[PDB]
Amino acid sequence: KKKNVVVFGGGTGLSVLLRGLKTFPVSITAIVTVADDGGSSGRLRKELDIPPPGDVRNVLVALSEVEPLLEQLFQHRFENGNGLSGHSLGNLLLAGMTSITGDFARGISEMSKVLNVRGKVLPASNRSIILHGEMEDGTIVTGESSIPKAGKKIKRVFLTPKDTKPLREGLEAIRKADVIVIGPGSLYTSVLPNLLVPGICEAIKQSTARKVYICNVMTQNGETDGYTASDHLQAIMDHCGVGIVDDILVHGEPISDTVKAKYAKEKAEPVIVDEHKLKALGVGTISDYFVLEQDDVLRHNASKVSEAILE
């Protein structure tokens, strides 16, 4: 009752949860990855020299409290203009804000006020980060969006520049935290590039807060093929060490044959839950029906999940 929550995640999965988690009596601090280099965000960091804003844009909208009209405007994506075509008005909005203030965090902060955000959203770092991936067979793929495309098995990921630093408010928030949520989002392309910022795993270990890891429901082609729940947990323990996760929240129910097939048409399978290996890794298991279909697509159901992670 009146808990401080920090969420390390990325992608659509994180916005879904955030749109729900905010109606609970919890103070949210969402630290967003700044390593993506795909799509609009990718072009923007290259031609504008700023951190990719895409993920922050979506976290921002999810926690926003404004008219639908304005929310659509912020989410507007241009269809034509070739050079403008593909960009998200919210991305360009954020890009312009960080130019003026010359500080990405500060820009995100100013946008929060505009969007009337309940809480705080911080970038994992105030400068661009590059995601690199070492494959099972030693091959190195550089670039967040290129890793999955390599079609190989990921062995380990790492950030660059090595001297990358998190925001003070970041470490600060992890301290005051009552609960730390690892995820939801891609294991290697969103959750780890967040956690891997220098000082974060460490800061999290020291925190006395309860750490809940929202494990993926589906696998991802070229990233987590064949992974079970423990395979995910393992990868995190390997990159961050023990005491980074206390309980792992999983979807322990079946997935419809229909949804299962739509994903299958994408080399994505349900993430099997090995209750035993999980208990072996020393973490508790929060298992329940934690998802819901949305036109043959699975989303987390923020209400249920938020309730769970809040004990």
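The numbering used is simple: start at 1 and walk along the sequence shown.
Looking at mean Cα B-factors across 216 to 224 and 187 to 195, the upper value is held by 216 to 224. The PDB entry reports B-factors from which the mean C-alpha value can be compared for 99 to 107 and 237 to 245; the larger average falls on 237 to 245. When the Cα B-factors of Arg45, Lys265, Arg57, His251 are read from the PDB record, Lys265 comes out highest. Take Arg118, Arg77, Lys113, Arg156 and read off each C-alpha B-factor from the entry; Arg118 has the highest. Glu202: CA B factor in the highest third of modelled residues in this chain (values from the PDB entry).
Among all modelled residues in this chain, the alpha-carbon of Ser85 has a temperature factor (C-alpha) in the highest third. The deposited CA B-factor of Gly143 belongs to the lowest third of values across its chain. Split the chain's modelled residues into thirds by C-alpha temperature factor. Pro270 is in the middle one. In the PDB entry, a CA B factor belonging to the lowest third of its chain's modelled residues is recorded for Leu17.
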